[PDB]
$ cat coords-v8.cif   # mmCIF, C-alpha atoms and all ligand atoms
data_my_file
#
loop_
_atom_site.label_atom_id
_atom_site.label_comp_id
_atom_site.auth_asym_id
_atom_site.auth_seq_id
_atom_site.Cartn_x
_atom_site.Cartn_y
_atom_site.Cartn_z
CA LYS A 1 50.79 -39.74 35.26
CA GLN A 2 48.27 -37.04 36.03
CA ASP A 3 45.64 -38.57 38.29
CA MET A 4 43.18 -37.31 40.88
CA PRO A 5 43.76 -37.85 44.59
CA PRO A 6 45.66 -35.11 46.42
CA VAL A 7 48.78 -35.77 48.43
CA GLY A 8 47.17 -35.77 51.86
CA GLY A 9 44.48 -33.84 53.68
CA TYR A 10 40.73 -33.31 53.46
CA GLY A 11 37.82 -32.74 55.80
CA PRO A 12 35.57 -34.41 56.58
CA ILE A 13 32.43 -32.47 57.07
CA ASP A 14 30.16 -34.44 59.33
CA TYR A 15 26.81 -36.02 58.64
CA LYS A 16 25.40 -35.29 62.11
CA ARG A 17 22.08 -33.70 63.15
CA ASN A 18 21.51 -30.73 65.45
CA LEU A 19 19.47 -27.58 65.67
CA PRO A 20 17.29 -27.56 68.75
CA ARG A 21 17.58 -23.96 70.01
CA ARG A 22 15.03 -22.25 72.29
CA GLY A 23 13.71 -19.78 72.78
CA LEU A 24 11.89 -19.29 76.10
CA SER A 25 10.83 -22.84 76.86
CA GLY A 26 9.06 -24.69 79.62
CA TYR A 27 6.50 -22.40 81.32
CA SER A 28 8.51 -19.28 80.56
CA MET A 29 5.65 -18.94 78.10
CA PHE A 30 2.26 -18.94 79.84
CA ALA A 31 4.15 -16.48 82.07
CA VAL A 32 4.73 -13.51 79.80
CA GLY A 33 1.60 -14.46 77.88
CA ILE A 34 -0.93 -14.16 80.68
CA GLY A 35 0.98 -11.04 81.68
CA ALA A 36 0.14 -9.19 78.49
CA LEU A 37 -3.53 -10.16 78.42
CA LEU A 38 -4.04 -8.52 81.82
CA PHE A 39 -2.42 -5.23 80.88
CA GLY A 40 -4.90 -5.38 78.05
CA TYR A 41 -7.88 -5.31 80.37
CA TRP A 42 -6.32 -2.80 82.73
CA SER A 43 -6.09 -0.57 79.68
CA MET A 44 -9.85 -1.07 79.46
CA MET A 45 -11.81 -0.48 82.68
CA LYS A 46 -10.49 3.05 82.26
CA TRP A 47 -11.10 4.14 78.72
CA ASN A 48 -14.46 2.37 78.92
CA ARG A 49 -14.94 3.87 82.38
CA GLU A 50 -14.13 7.30 80.99
CA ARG A 51 -16.24 7.01 77.86
CA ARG A 52 -19.37 6.48 79.95
CA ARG A 53 -18.46 9.68 81.82
CA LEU A 54 -18.93 11.45 78.51
CA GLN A 55 -22.01 9.42 77.62
CA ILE A 56 -24.03 11.00 80.43
CA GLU A 57 -22.70 14.39 79.34
CA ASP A 58 -24.17 13.84 75.91
CA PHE A 59 -27.65 12.84 77.04
CA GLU A 60 -27.48 15.95 79.19
CA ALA A 61 -27.87 18.48 76.39
CA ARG A 62 -30.86 16.52 75.10
CA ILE A 63 -32.65 16.83 78.42
CA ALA A 64 -31.33 20.36 78.93
CA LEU A 65 -33.42 21.74 76.11
CA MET A 66 -36.53 19.93 74.93
CA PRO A 67 -38.83 21.83 76.95
CA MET B 1 -22.72 12.82 41.87
CA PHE B 2 -23.31 10.01 44.30
CA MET B 3 -23.31 7.68 41.30
CA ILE B 4 -19.75 8.75 40.46
CA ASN B 5 -18.56 8.00 43.98
CA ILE B 6 -19.75 4.43 43.51
CA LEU B 7 -18.31 3.76 40.07
CA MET B 8 -15.06 5.18 41.37
CA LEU B 9 -14.99 2.25 43.74
CA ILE B 10 -15.93 -0.78 41.60
CA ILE B 11 -13.42 0.25 38.91
CA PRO B 12 -10.30 1.15 40.95
CA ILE B 13 -10.50 -2.10 42.91
CA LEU B 14 -10.57 -4.40 39.87
CA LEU B 15 -7.00 -3.26 39.39
CA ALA B 16 -5.88 -4.61 42.76
CA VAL B 17 -7.50 -8.02 42.24
CA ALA B 18 -5.82 -7.90 38.86
CA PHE B 19 -2.39 -6.90 40.05
CA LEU B 20 -2.47 -9.21 43.00
CA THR B 21 -2.13 -12.08 40.51
CA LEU B 22 1.24 -10.59 39.64
CA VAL B 23 2.47 -10.12 43.20
CA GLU B 24 1.19 -13.65 43.64
CA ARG B 25 4.27 -15.12 42.00
CA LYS B 26 6.92 -12.50 42.77
CA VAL B 27 6.62 -12.90 46.54
CA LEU B 28 6.02 -16.58 46.16
CA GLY B 29 8.86 -16.42 43.68
CA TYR B 30 11.63 -15.45 46.05
CA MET B 31 10.56 -18.02 48.57
CA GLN B 32 11.60 -20.51 45.90
CA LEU B 33 14.87 -18.74 45.02
CA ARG B 34 14.04 -17.23 41.63
CA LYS B 35 12.63 -14.07 40.02
CA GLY B 36 9.02 -13.42 39.09
CA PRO B 37 7.38 -12.57 35.74
CA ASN B 38 10.03 -10.51 34.25
CA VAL B 39 10.60 -10.71 30.49
CA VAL B 40 7.34 -9.03 29.45
CA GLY B 41 7.12 -5.97 31.68
CA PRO B 42 9.97 -4.79 31.66
CA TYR B 43 9.51 -5.15 35.42
CA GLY B 44 6.52 -7.44 34.98
CA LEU B 45 4.06 -4.74 36.04
CA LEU B 46 2.71 -4.99 32.49
CA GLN B 47 1.87 -8.70 32.69
CA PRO B 48 -1.80 -8.47 33.77
CA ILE B 49 -2.94 -6.40 30.78
CA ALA B 50 -1.86 -9.28 28.56
CA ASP B 51 -3.51 -11.92 30.71
CA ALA B 52 -6.93 -10.27 30.97
CA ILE B 53 -7.01 -10.33 27.17
CA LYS B 54 -6.14 -13.89 26.49
CA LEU B 55 -9.20 -15.36 28.13
CA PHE B 56 -12.05 -13.46 26.52
CA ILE B 57 -10.59 -14.13 23.10
CA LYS B 58 -10.36 -17.81 23.97
CA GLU B 59 -13.46 -19.77 23.10
CA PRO B 60 -16.01 -20.37 25.92
CA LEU B 61 -17.33 -23.93 25.56
CA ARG B 62 -20.39 -25.21 27.44
CA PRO B 63 -20.84 -28.91 28.25
CA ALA B 64 -23.42 -30.45 25.99
CA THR B 65 -24.86 -32.05 29.16
CA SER B 66 -25.47 -28.86 31.17
CA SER B 67 -28.49 -26.88 32.27
CA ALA B 68 -27.75 -23.41 30.85
CA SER B 69 -30.30 -21.58 33.04
CA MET B 70 -28.22 -22.27 36.13
CA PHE B 71 -24.95 -21.93 34.29
CA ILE B 72 -25.29 -18.13 34.42
CA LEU B 73 -27.27 -16.92 37.45
CA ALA B 74 -24.61 -18.62 39.53
CA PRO B 75 -21.53 -16.69 38.30
CA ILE B 76 -23.70 -13.61 37.93
CA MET B 77 -23.23 -13.64 41.68
CA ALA B 78 -19.66 -14.59 42.41
CA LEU B 79 -19.24 -11.04 41.26
CA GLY B 80 -22.08 -9.37 43.15
CA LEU B 81 -21.83 -10.46 46.77
CA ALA B 82 -18.11 -9.90 46.33
CA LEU B 83 -18.64 -6.32 45.15
CA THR B 84 -21.63 -5.55 47.36
CA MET B 85 -19.92 -6.55 50.58
CA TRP B 86 -17.49 -3.68 50.12
CA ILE B 87 -20.22 -1.13 50.53
CA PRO B 88 -20.45 -0.13 54.22
CA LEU B 89 -16.78 -0.43 55.08
CA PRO B 90 -15.22 2.63 56.72
CA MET B 91 -12.06 4.01 55.26
CA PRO B 92 -12.66 6.28 57.17
CA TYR B 93 -15.85 7.39 55.53
CA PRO B 94 -17.91 4.43 54.34
CA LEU B 95 -20.12 4.98 51.37
CA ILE B 96 -23.13 3.82 53.38
CA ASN B 97 -23.76 4.33 57.09
CA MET B 98 -25.58 1.27 58.33
CA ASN B 99 -26.82 1.42 61.88
CA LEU B 100 -26.19 -2.20 62.81
CA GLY B 101 -24.27 -3.03 59.63
CA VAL B 102 -21.51 -5.23 61.17
CA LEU B 103 -24.16 -7.92 61.19
CA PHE B 104 -24.66 -7.17 57.51
CA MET B 105 -21.41 -8.90 56.56
CA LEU B 106 -22.53 -12.26 57.92
CA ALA B 107 -25.61 -11.72 55.83
CA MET B 108 -23.34 -11.47 52.80
CA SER B 109 -20.77 -13.87 54.16
CA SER B 110 -23.50 -16.50 54.45
CA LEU B 111 -25.08 -16.00 51.04
CA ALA B 112 -22.06 -16.68 48.85
CA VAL B 113 -21.80 -20.43 49.51
CA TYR B 114 -25.19 -20.74 47.92
CA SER B 115 -23.42 -19.77 44.71
CA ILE B 116 -21.04 -22.71 45.03
CA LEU B 117 -23.77 -25.24 45.40
CA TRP B 118 -25.40 -24.00 42.21
CA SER B 119 -22.43 -24.04 39.87
CA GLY B 120 -20.89 -27.37 40.78
CA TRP B 121 -24.33 -28.89 40.58
CA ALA B 122 -25.43 -26.84 37.58
CA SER B 123 -23.00 -28.63 35.32
CA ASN B 124 -22.46 -32.31 35.74
CA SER B 125 -20.97 -35.43 37.36
CA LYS B 126 -18.64 -36.52 40.11
CA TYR B 127 -15.65 -34.20 39.84
CA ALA B 128 -17.85 -31.14 40.25
CA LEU B 129 -20.90 -33.02 41.57
CA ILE B 130 -20.05 -34.63 44.90
CA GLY B 131 -16.95 -32.52 44.58
CA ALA B 132 -18.96 -29.32 44.95
CA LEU B 133 -21.13 -30.93 47.59
CA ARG B 134 -18.49 -31.55 50.20
CA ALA B 135 -17.00 -28.14 49.94
CA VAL B 136 -20.39 -26.89 50.98
CA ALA B 137 -20.10 -28.99 54.14
CA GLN B 138 -16.84 -27.47 55.32
CA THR B 139 -17.84 -23.92 54.43
CA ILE B 140 -20.81 -23.87 56.77
CA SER B 141 -19.11 -25.42 59.74
CA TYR B 142 -16.55 -22.59 59.93
CA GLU B 143 -19.28 -20.03 60.60
CA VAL B 144 -20.12 -21.21 64.07
CA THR B 145 -16.44 -20.73 64.81
CA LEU B 146 -16.96 -17.26 63.40
CA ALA B 147 -20.12 -15.45 64.45
CA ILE B 148 -19.30 -16.28 68.07
CA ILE B 149 -15.75 -14.95 68.01
CA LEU B 150 -17.03 -11.92 66.18
CA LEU B 151 -19.73 -11.62 68.82
CA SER B 152 -17.24 -11.93 71.64
CA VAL B 153 -15.38 -8.65 71.11
CA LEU B 154 -18.63 -6.79 70.44
CA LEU B 155 -19.27 -7.16 74.15
CA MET B 156 -16.03 -5.27 74.51
CA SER B 157 -17.03 -2.33 72.36
CA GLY B 158 -20.72 -1.81 72.83
CA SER B 159 -22.61 -1.86 69.58
CA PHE B 160 -22.98 -3.25 66.05
CA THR B 161 -21.81 -0.25 64.07
CA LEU B 162 -18.40 0.50 62.67
CA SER B 163 -18.07 4.14 63.65
CA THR B 164 -17.76 3.06 67.27
CA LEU B 165 -15.15 0.46 66.43
CA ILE B 166 -12.66 3.16 65.50
CA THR B 167 -13.35 4.95 68.77
CA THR B 168 -12.70 2.03 71.10
CA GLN B 169 -9.39 0.91 69.57
CA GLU B 170 -7.95 4.34 70.02
CA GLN B 171 -4.84 3.82 72.08
CA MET B 172 -5.22 0.09 72.61
CA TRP B 173 -4.88 -1.92 69.42
CA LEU B 174 -7.74 -4.31 70.27
CA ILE B 175 -5.40 -7.29 69.76
CA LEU B 176 -3.87 -7.13 73.23
CA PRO B 177 -6.96 -8.02 75.37
CA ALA B 178 -8.32 -10.96 73.34
CA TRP B 179 -5.23 -12.20 71.63
CA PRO B 180 -6.45 -15.78 72.24
CA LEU B 181 -9.45 -15.08 70.04
CA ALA B 182 -7.60 -13.14 67.36
CA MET B 183 -5.77 -16.29 66.32
CA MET B 184 -9.05 -18.02 65.60
CA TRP B 185 -10.28 -15.00 63.70
CA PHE B 186 -7.37 -15.68 61.40
CA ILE B 187 -7.56 -19.44 60.83
CA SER B 188 -11.23 -19.00 60.04
CA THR B 189 -11.13 -16.62 57.08
CA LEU B 190 -8.27 -18.71 55.78
CA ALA B 191 -10.33 -21.88 56.19
CA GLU B 192 -13.59 -20.42 54.97
CA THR B 193 -12.45 -18.66 51.78
CA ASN B 194 -10.62 -21.78 50.55
CA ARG B 195 -7.00 -20.81 50.83
CA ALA B 196 -3.72 -22.50 51.36
CA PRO B 197 -3.44 -24.92 54.29
CA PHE B 198 -7.07 -26.04 54.12
CA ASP B 199 -7.14 -25.95 50.39
CA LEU B 200 -9.48 -28.68 49.41
CA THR B 201 -12.31 -26.79 47.69
CA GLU B 202 -10.31 -25.71 44.68
CA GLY B 203 -8.55 -28.89 43.79
CA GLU B 204 -4.95 -29.57 43.16
CA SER B 205 -4.01 -32.66 45.25
CA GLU B 206 -7.26 -34.20 46.53
CA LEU B 207 -8.86 -33.93 43.10
CA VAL B 208 -8.13 -32.45 39.68
CA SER B 209 -9.50 -28.92 39.94
CA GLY B 210 -12.40 -28.18 42.25
CA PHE B 211 -15.38 -26.25 41.02
CA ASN B 212 -13.37 -24.45 38.33
CA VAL B 213 -13.02 -27.53 36.19
CA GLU B 214 -15.69 -26.80 33.62
CA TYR B 215 -15.48 -23.07 32.97
CA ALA B 216 -13.23 -22.32 30.01
CA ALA B 217 -11.51 -18.98 29.66
CA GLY B 218 -14.80 -17.18 29.26
CA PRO B 219 -16.56 -17.35 32.64
CA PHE B 220 -13.56 -18.54 34.61
CA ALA B 221 -12.07 -15.09 34.78
CA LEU B 222 -15.00 -14.02 36.98
CA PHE B 223 -14.47 -16.69 39.64
CA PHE B 224 -10.69 -16.24 39.44
CA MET B 225 -11.56 -12.58 39.87
CA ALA B 226 -14.31 -13.38 42.38
CA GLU B 227 -12.30 -15.62 44.66
CA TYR B 228 -9.78 -12.83 44.99
CA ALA B 229 -12.46 -10.24 45.71
CA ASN B 230 -13.25 -11.98 49.02
CA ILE B 231 -9.68 -12.56 50.12
CA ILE B 232 -8.62 -8.87 50.05
CA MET B 233 -11.81 -7.83 51.87
CA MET B 234 -11.99 -10.05 54.92
CA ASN B 235 -8.35 -9.00 55.23
CA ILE B 236 -9.32 -5.38 54.71
CA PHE B 237 -11.83 -6.03 57.51
CA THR B 238 -9.78 -7.79 60.02
CA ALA B 239 -7.75 -4.65 60.29
CA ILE B 240 -10.78 -2.52 61.05
CA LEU B 241 -11.82 -5.01 63.67
CA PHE B 242 -8.42 -5.52 65.32
CA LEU B 243 -5.49 -3.37 64.31
CA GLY B 244 -7.06 0.02 64.44
CA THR B 245 -5.80 3.24 63.03
CA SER B 246 -6.28 6.64 64.60
CA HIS B 247 -8.96 8.70 62.91
CA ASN B 248 -8.01 12.26 62.14
CA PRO B 249 -10.77 14.82 61.71
CA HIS B 250 -8.33 16.95 59.79
CA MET B 251 -6.13 15.06 57.50
CA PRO B 252 -8.52 12.22 56.70
CA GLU B 253 -5.96 11.23 54.09
CA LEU B 254 -3.40 10.30 56.62
CA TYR B 255 -5.90 7.75 57.89
CA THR B 256 -5.99 5.68 54.73
CA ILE B 257 -2.27 6.03 54.02
CA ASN B 258 -1.38 4.36 57.29
CA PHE B 259 -4.38 2.08 56.74
CA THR B 260 -3.27 0.48 53.49
CA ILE B 261 0.23 0.04 54.89
CA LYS B 262 -1.42 -2.31 57.38
CA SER B 263 -4.16 -4.14 55.52
CA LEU B 264 -1.66 -4.66 52.73
CA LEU B 265 0.88 -6.19 55.03
CA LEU B 266 -1.70 -8.39 56.65
CA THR B 267 -2.89 -9.79 53.35
CA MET B 268 0.58 -10.71 52.34
CA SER B 269 0.03 -13.49 54.77
CA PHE B 270 -2.08 -15.85 52.74
CA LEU B 271 0.78 -15.75 50.23
CA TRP B 272 3.46 -16.10 52.91
CA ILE B 273 1.71 -19.26 54.09
CA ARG B 274 0.98 -20.98 50.80
CA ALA B 275 4.66 -21.64 50.19
CA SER B 276 4.85 -23.43 53.52
CA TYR B 277 2.22 -25.93 54.67
CA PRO B 278 0.52 -29.07 53.34
CA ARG B 279 -3.12 -30.23 53.34
CA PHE B 280 -5.54 -31.83 55.78
CA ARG B 281 -7.38 -34.82 54.29
CA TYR B 282 -11.02 -33.78 54.72
CA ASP B 283 -11.66 -35.92 57.82
CA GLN B 284 -9.04 -34.15 59.91
CA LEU B 285 -10.42 -30.97 58.42
CA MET B 286 -13.78 -30.70 60.19
CA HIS B 287 -12.83 -33.27 62.82
CA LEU B 288 -10.52 -30.61 64.18
CA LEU B 289 -13.24 -27.97 64.48
CA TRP B 290 -15.92 -29.37 66.77
CA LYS B 291 -13.50 -31.25 69.01
CA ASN B 292 -10.82 -28.56 69.11
CA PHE B 293 -11.54 -25.00 67.91
CA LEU B 294 -15.09 -24.79 69.24
CA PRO B 295 -15.04 -25.68 72.98
CA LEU B 296 -12.85 -22.68 73.67
CA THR B 297 -14.92 -20.27 71.62
CA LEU B 298 -17.89 -21.03 73.83
CA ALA B 299 -15.73 -20.91 76.94
CA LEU B 300 -14.33 -17.51 76.13
CA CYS B 301 -17.84 -16.25 75.53
CA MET B 302 -18.63 -17.11 79.16
CA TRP B 303 -15.62 -14.93 79.94
CA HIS B 304 -15.91 -11.72 77.90
CA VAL B 305 -19.50 -11.66 79.16
CA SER B 306 -18.52 -11.37 82.79
CA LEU B 307 -15.35 -9.33 82.50
CA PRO B 308 -17.17 -6.05 81.82
CA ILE B 309 -19.83 -6.78 84.44
CA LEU B 310 -17.21 -7.74 86.97
CA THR B 311 -15.22 -4.51 86.65
CA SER B 312 -17.99 -1.94 86.31
CA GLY B 313 -16.64 -1.66 82.78
CA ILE B 314 -19.81 -1.86 80.76
CA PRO B 315 -19.19 -0.18 77.40
CA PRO B 316 -21.26 2.99 76.68
CA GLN B 317 -23.76 1.79 74.10
CA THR B 318 -27.21 0.45 73.32
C1 LIG C 401 -29.54 -11.93 38.99
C2 LIG C 401 -30.05 -10.61 38.43
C3 LIG C 401 -31.40 -10.26 39.05
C4 LIG C 401 -31.22 -9.74 40.47
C5 LIG C 401 -31.01 -8.23 40.46
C6 LIG C 401 -31.40 -7.63 41.81
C7 LIG C 401 -30.66 -8.37 42.91
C8 LIG C 401 -30.98 -7.76 44.27
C9 LIG C 401 -30.38 -8.66 45.36
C10 LIG C 401 -30.49 -8.01 46.74
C11 LIG C 401 -29.28 -8.41 47.59
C12 LIG C 401 -29.04 -7.37 48.69
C13 LIG C 401 -30.29 -7.25 49.57
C14 LIG C 401 -29.87 -7.20 51.04
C15 LIG C 401 -30.78 -6.24 51.81
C16 LIG C 401 -29.96 -5.54 52.88
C17 LIG C 401 -30.62 -4.24 53.29
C18 LIG C 401 -29.89 -3.69 54.50
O1 LIG C 401 -29.46 -4.45 55.29
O2 LIG C 401 -29.73 -2.32 54.70
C19 LIG C 401 -29.37 -1.92 55.98
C20 LIG C 401 -30.20 -0.71 56.37
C21 LIG C 401 -30.56 -0.83 57.83
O3 LIG C 401 -31.18 0.35 58.21
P1 LIG C 401 -30.48 1.11 59.47
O4 LIG C 401 -29.03 1.33 59.17
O5 LIG C 401 -30.64 0.25 60.68
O6 LIG C 401 -31.16 2.55 59.76
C22 LIG C 401 -30.60 3.62 59.07
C23 LIG C 401 -31.20 4.87 59.69
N1 LIG C 401 -30.88 5.98 58.83
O7 LIG C 401 -31.39 -0.75 55.66
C24 LIG C 401 -31.85 0.47 55.17
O8 LIG C 401 -31.14 1.41 55.18
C25 LIG C 401 -33.25 0.55 54.59
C26 LIG C 401 -33.35 -0.47 53.47
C27 LIG C 401 -33.42 0.25 52.13
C28 LIG C 401 -33.33 -0.80 51.03
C29 LIG C 401 -34.73 -1.17 50.58
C30 LIG C 401 -34.83 -2.69 50.69
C31 LIG C 401 -33.70 -3.26 49.85
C32 LIG C 401 -33.65 -4.78 49.97
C33 LIG C 401 -34.55 -5.39 48.90
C34 LIG C 401 -33.92 -6.68 48.40
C35 LIG C 401 -34.92 -7.42 47.52
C36 LIG C 401 -34.51 -8.88 47.41
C37 LIG C 401 -33.88 -9.13 46.04
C38 LIG C 401 -33.50 -10.60 45.88
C39 LIG C 401 -32.58 -11.01 47.03
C40 LIG C 401 -31.94 -12.35 46.68
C41 LIG C 401 -30.65 -12.54 47.47
#

$ encode --input "coords-v8.cif" --output "structure tokens"
Amino acid sequence: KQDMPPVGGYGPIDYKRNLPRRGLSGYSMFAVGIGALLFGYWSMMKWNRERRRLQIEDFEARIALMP
Amino acid sequence: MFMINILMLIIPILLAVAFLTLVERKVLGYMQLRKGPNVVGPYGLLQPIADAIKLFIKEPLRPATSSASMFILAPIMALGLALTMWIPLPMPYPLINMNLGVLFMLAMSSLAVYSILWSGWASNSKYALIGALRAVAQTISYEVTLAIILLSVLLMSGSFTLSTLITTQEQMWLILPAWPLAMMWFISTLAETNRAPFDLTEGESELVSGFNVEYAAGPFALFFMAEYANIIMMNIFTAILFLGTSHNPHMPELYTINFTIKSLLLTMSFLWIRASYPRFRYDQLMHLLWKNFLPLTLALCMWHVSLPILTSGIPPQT
């Protein structure tokens, strides 16, 4: 007279389906995104506009001498 | 001693391509929930000395039906253009200084696929015959995706050499500004060098084993050591062409230290994929390039052309 089923009580644990979590949806992206790309170029247009300022300085010595 | 600076390169790298094969299955081990080669090491770090020695003891058959003259000159390559391409590659000081050398990669990126067409044809019938033909066909259609999106940025830096390409990425990690492109610089080298998600060239699923099928232990170490001499180079390139380090005219050494702690992260990407995604069924494989990848790559080229001109930006070079 030792058999399995307990006196009362159990779960259940479900069978259901969920994990749809986001995550900056629905045009929130395309908003930050195009915002970074610009600050990329603004970081250019200055380094590259400074480096030319040195470029001329370098061709200067060449023309300075060479008589 | 210029000859001892070379041979100090070819030798110390054949250890990486060797000991990658170990970190192949440790990292890809714990994705699976298990440990990696363990029993032999003690840590495993001793595995690859035992594996290099089983092949060359193990007898190297040739097919009775082969043309032996091609069955050599072909693999006698898969180990050149893999070890030549390394030459002009700054870290920080490249062994060669090539004026326009960036273009020189595409020269040696283009000339390897003409060592696939030999071998698979050199031997014999339809598993390596038409099976080495149609991995030609995908390997050349992922250049036009390439040379353009390599040529884009070079409008944004001024020249073809690599000593300028450390200067321009100074305080700007060149991945901000073109981040749309950078993606496609990644899916290319992963599609071109025959790696995980577009896997077809080397067979597992679509066929038995692509292009390796005939070589017994004897030659097949070379390819299995050639195919991993491309993969750690394009990925030791991408990070000179995107994620830049900061040269230091004083402690050169701290340049490379922080440089291998990037290029060695980056690589561990083609392993971090391969656990994950399935394959493409060769139609979808090219059919997604012309239609999809390409139209942009042209369109952006019409963009990075004007953006300097339209900002008085034009980078300081010839
Ligand atoms: C299978 C076994 C039998 C085969 C064994 C031999 C195989 C050889 C295969 C050759 C493969 C590599 C050849 C690729 C040539 C690339 C040369 C090159 O691009 O060098 C770049 C450099 C450019 O010069 P630059 O930097 O602009 O100016 C410097 C100013 N100080 O250029 C220079 O600096 C000047 C060039 C100096 C080099 C002299 C010319 C070398 C090229 C000759 C290759 C001969 C072709 C051999 C067969 C090729 C088959 C693929």

$ interface_residues --input "coords-v8.cif" --of "chain B" --to "chain A" --cutoff "7 Å" --atoms "all atoms listed in the file" --output "list in words"
residues 176, 177, 311, 313, 315 and 316 of chain B

$ residues_around --input "coords-v8.cif" --residues "residue B:13" --least-positions-apart "2" --cutoff "12 Å" --atoms "all atoms listed in the file" --output "list in words"
residues 6, 7, 8, 9, 10, 11, 15, 16, 17, 18, 19, 20, 82, 83, 86, 225, 226, 228, 229, 230, 232 and 233 of chain B

$ closest_atom_pairs --input "coords-v8.cif" --of "chain B" --to "ligand LIG 401 (chain C)" --cutoff "6 Å" --atoms "all atoms listed in the file" --output "JSON lines"
{"residue": "B:73", "atom": "CA", "partner": "C:LIG401", "partner_atom": "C1", "distance": 5.7}
{"residue": "B:98", "atom": "CA", "partner": "C:LIG401", "partner_atom": "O4", "distance": 3.6}
{"residue": "B:99", "atom": "CA", "partner": "C:LIG401", "partner_atom": "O4", "distance": 3.5}
{"residue": "B:100", "atom": "CA", "partner": "C:LIG401", "partner_atom": "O5", "distance": 5.5}
{"residue": "B:104", "atom": "CA", "partner": "C:LIG401", "partner_atom": "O1", "distance": 5.9}

$ write_last_selection --input "coords-v8.cif" --atoms "C-alpha atoms" --output "short mmCIF file (atom, residue, chain, number, x, y, z; two decimals), keeping the file's coordinate frame"
data_model
loop_
_atom_site.label_atom_id
_atom_site.label_comp_id
_atom_site.auth_asym_id
_atom_site.auth_seq_id
_atom_site.Cartn_x
_atom_site.Cartn_y
_atom_site.Cartn_z
CA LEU B 73 -27.27 -16.92 37.45
CA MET B 98 -25.58 1.27 58.33
CA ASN B 99 -26.82 1.42 61.88
CA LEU B 100 -26.19 -2.20 62.81
CA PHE B 104 -24.66 -7.17 57.51
#

$ closest_atom_pairs --input "coords-v8.cif" --of "stretch 190-269 of chain B" --to "stretch 107-117 of chain B" --cutoff "12 Å" --atoms "all atoms listed in the file" --output "Markdown table"
| residue | atom | partner | partner_atom | distance |
| --- | --- | --- | --- | --- |
| B:192 | CA | B:109 | CA | 9.8 |
| B:193 | CA | B:113 | CA | 9.8 |
| B:194 | CA | B:113 | CA | 11.3 |
| B:201 | CA | B:116 | CA | 10.0 |
| B:202 | CA | B:116 | CA | 11.1 |
| B:210 | CA | B:116 | CA | 10.6 |
| B:211 | CA | B:116 | CA | 7.8 |
| B:212 | CA | B:116 | CA | 10.3 |
| B:223 | CA | B:116 | CA | 10.4 |
| B:226 | CA | B:112 | CA | 10.6 |
| B:227 | CA | B:112 | CA | 10.7 |
| B:229 | CA | B:112 | CA | 12.0 |
| B:230 | CA | B:109 | CA | 9.3 |
| B:231 | CA | B:109 | CA | 11.9 |
| B:233 | CA | B:109 | CA | 11.0 |
| B:234 | CA | B:109 | CA | 9.6 |

$ write_last_selection --input "coords-v8.cif" --atoms "C-alpha atoms" --output "mmCIF file, in the frame of the given file"
data_model
loop_
_atom_site.group_PDB
_atom_site.id
_atom_site.type_symbol
_atom_site.label_atom_id
_atom_site.label_comp_id
_atom_site.auth_asym_id
_atom_site.auth_seq_id
_atom_site.Cartn_x
_atom_site.Cartn_y
_atom_site.Cartn_z
ATOM 1 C CA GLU B 192 -13.590 -20.420 54.970
ATOM 2 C CA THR B 193 -12.450 -18.660 51.780
ATOM 3 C CA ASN B 194 -10.620 -21.780 50.550
ATOM 4 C CA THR B 201 -12.310 -26.790 47.690
ATOM 5 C CA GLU B 202 -10.310 -25.710 44.680
ATOM 6 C CA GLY B 210 -12.400 -28.180 42.250
ATOM 7 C CA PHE B 211 -15.380 -26.250 41.020
ATOM 8 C CA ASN B 212 -13.370 -24.450 38.330
ATOM 9 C CA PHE B 223 -14.470 -16.690 39.640
ATOM 10 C CA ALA B 226 -14.310 -13.380 42.380
ATOM 11 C CA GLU B 227 -12.300 -15.620 44.660
ATOM 12 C CA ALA B 229 -12.460 -10.240 45.710
ATOM 13 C CA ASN B 230 -13.250 -11.980 49.020
ATOM 14 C CA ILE B 231 -9.680 -12.560 50.120
ATOM 15 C CA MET B 233 -11.810 -7.830 51.870
ATOM 16 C CA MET B 234 -11.990 -10.050 54.920
#

$ residues_around --input "coords-v8.cif" --residues "residue B:154" --least-positions-apart "4" --cutoff "12 Å" --atoms "all atoms listed in the file" --output "JSON, numbers by chain"
{"B": [100, 102, 103, 147, 148, 149, 150, 158, 159, 160, 161, 162, 164, 165, 168, 174, 178, 241, 242, 301, 304, 305, 308, 314, 315, 316, 317, 318]}

$ atom_distance --input "coords-v8.cif" --atom1 "atom CA of residue B:79" --atom2 "atom CA of residue B:47"
22.9 Å

$ residues_around --input "coords-v8.cif" --residues "residue B:187" --least-positions-apart "5" --cutoff "12 Å" --atoms "only C-alpha atoms" --output "list in words"
residues 142, 143, 145, 146, 149, 181, 182, 192, 193, 194, 195, 196, 197, 198, 234, 235, 238, 269, 270, 273, 289 and 293 of chain B

$ atom_distance --input "coords-v8.cif" --atom1 "atom CA of residue B:303" --atom2 "atom CA of residue B:237"
24.4 Å

$ atom_distance --input "coords-v8.cif" --atom1 "atom CA of residue B:133" --atom2 "atom CA of residue B:291"
22.7 Å

$ closest_residue --input "coords-v8.cif" --among "B:191, B:45, B:130, B:216" --to "residue B:61" --atoms "only C-alpha atoms"
B:216

$ residues_around --input "coords-v8.cif" --residues "residue B:63" --least-positions-apart "2" --cutoff "10 Å" --atoms "only C-alpha atoms" --output "list in words"
residues 61, 65, 66, 67, 68, 123, 124, 214 and 215 of chain B

$ axis_aligned_box --input "coords-v8.cif" --around "stretch 254-265 of chain B" --padding-each-side "5 Å" --output "AutoDock Vina command-line options"
--center_x -2.6 --center_y 2.1 --center_z 55.3 --size_x 16.9 --size_y 26.5 --size_z 15.2
